[PDB]
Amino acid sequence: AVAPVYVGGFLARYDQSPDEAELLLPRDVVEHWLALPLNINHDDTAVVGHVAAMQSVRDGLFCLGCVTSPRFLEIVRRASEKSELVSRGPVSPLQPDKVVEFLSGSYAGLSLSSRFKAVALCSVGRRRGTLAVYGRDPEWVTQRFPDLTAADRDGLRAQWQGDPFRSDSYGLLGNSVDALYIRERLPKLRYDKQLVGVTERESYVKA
């Protein structure tokens, strides 16, 4: 469980038009700019790992991150054991993985904060199509996305191939109540799941 956990997904979809103008992120700007810390919902006292790769592809900006913080993984491990959702396990093929499943359930989205400053794991991203996919092997995670080509993965593989977490369970729990009041949280996540062709039938995605 405490072993590293990889997370991948789109930080932005070019064909997607943001609601707020501030979330506009065109291809040329992204390509022009192309390690970023990985934190929990933009709280820089909650860094859990780092972005291990970023690739601008046909449909958007894809990234792969690695959750390495032992403190964070341990807190997650303990919490996962007290989750009814986690206890239900994944769908038929995949084998149970409490930590990966808790992470899939709690932080189902990605959020690129451009103050690029950091990638935050959050309950749902503010940009659509930013579903977060967790797994123990980065190849497997990248393979969860149909839009990526072999050439796309080669570029990503080339990249990914003191505990920074200064928060606690209390902080994560305080974050959880905020998550319950995010409007259209599940519909957004399902929309994202649809847009990137990821199913619960071949991943740990809970939405």
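One-based numbering along the sequence shown.
Per the record, residue 29 and residue 30 follow each other directly, and no deposited residue is missing between them. Gap check for residue 161 to residue 162: 10 or more deposited residues are absent from the model. For the segment pair 88-96 and 123-131, the entry gives 88-96 the higher mean B-factor, averaged over Cα atoms. Mean C-alpha B-factor is higher over 151-159 than over the other stretch, the pair under comparison being 151-159 and 61-69. In the deposited coordinates, the residue among 83, 106, 114, 111 with the greatest CA B-factor is 114. Ranked by Cα temperature factor within the chain, residue 165 sits in the lowest third according to the deposited record. Sort the chain's modelled residues by C-alpha temperature factor and residue 9 lands in the lowest third, per the entry. When all modelled residues of the chain are sorted by CA temperature factor, residue 142 is found within the middle third. Among the modelled residues of its chain, residue 47 has a C-alpha B-factor that falls in the lowest third according to the deposited record. Split the chain's modelled residues into thirds by C-alpha temperature factor. Residue 53 is in the middle one.
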